[PDB]
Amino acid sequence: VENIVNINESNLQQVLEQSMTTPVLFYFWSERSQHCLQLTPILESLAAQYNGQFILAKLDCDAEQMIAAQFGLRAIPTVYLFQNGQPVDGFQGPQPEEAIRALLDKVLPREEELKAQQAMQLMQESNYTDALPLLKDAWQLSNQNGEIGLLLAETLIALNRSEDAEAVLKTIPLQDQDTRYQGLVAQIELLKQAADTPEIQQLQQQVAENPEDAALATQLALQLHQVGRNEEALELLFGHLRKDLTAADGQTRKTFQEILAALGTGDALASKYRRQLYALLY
């Protein structure tokens, strides 16, 4: 309905009780009035611009005289803002477009809330790829608000970015560490445990004991890669390459390159490392 309702006998109470969550801007107007002529275009174009953020509710004062008298109407035009069932602000007369913003600006949700709401819907539709940029933006804007943090972390997990999700979960304030947080943490914990293999543990010990042995570290990097611990695998190999490009008789570089190939050109971690490798080699 372009978010504009003409009010009559049948929809006054139904929109008065729809103000319970959606802000309603009642617009008392007349086709007779020169104040309305340049308020109406300002008002409608904001209705369509905000798209369901508020309802512009027009009451034709010539057509609906009973309802207008019951509003206490004293001038045309009059606009009143209705929320939680109740009138909360308004004005009589015509006004600049930024005056009307000021009015709207108080009651309308913040950009990060709007983005978080859109992302929540996309998450519901299992569209995590599109939720992610909105959640990144909303999280930043909100100064890393914990509830948005939880959405972002869940979205990162679904996109197989558990390390990034874990970093976001580290930021969640203690008061927000409730059932949803616990569930995400438990998921990350089980993932880390599942990737913490006996074979990796004994290689990690052996590397600790002989940190210069590039062939050992390369073995370990391979087994880390195979359980998805790529940040660790690449960091470990690259450290060896920085010391010696021919490390483990060429094998360190070869394994490093083979891992980057296996991650594919769409992987952001692999892309970082490709660029670092080129600068190192040449």
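From 1 onward, residues are counted along the sequence shown.
In this entry, 88-96 shows the higher mean Cα temperature factor of the pair 88-96 and 184-192. For the pair 133-141 and 171-179, the mean Cα B-factor is higher in 133-141.
Ranking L56, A248, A221, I67 by the C-alpha B-factor listed in the PDB entry places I67 at the top.
You'll see in the entry that, of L73, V79, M123, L108, the Cα B factor peaks at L73. In the deposited entry, the Cα temperature factor of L151 places it in the lowest third of its chain's modelled residues. When the modelled residues of the chain are ordered by their C-alpha B factor, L37 lands in the highest third.
Among all modelled residues in its chain, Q257 ranks in the lowest third by Cα B-factor. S30 sits in the middle third of its chain by CA B factor, as recorded in the PDB entry. Sort the chain's modelled residues by C-alpha temperature factor and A63 lands in the highest third, per the entry.
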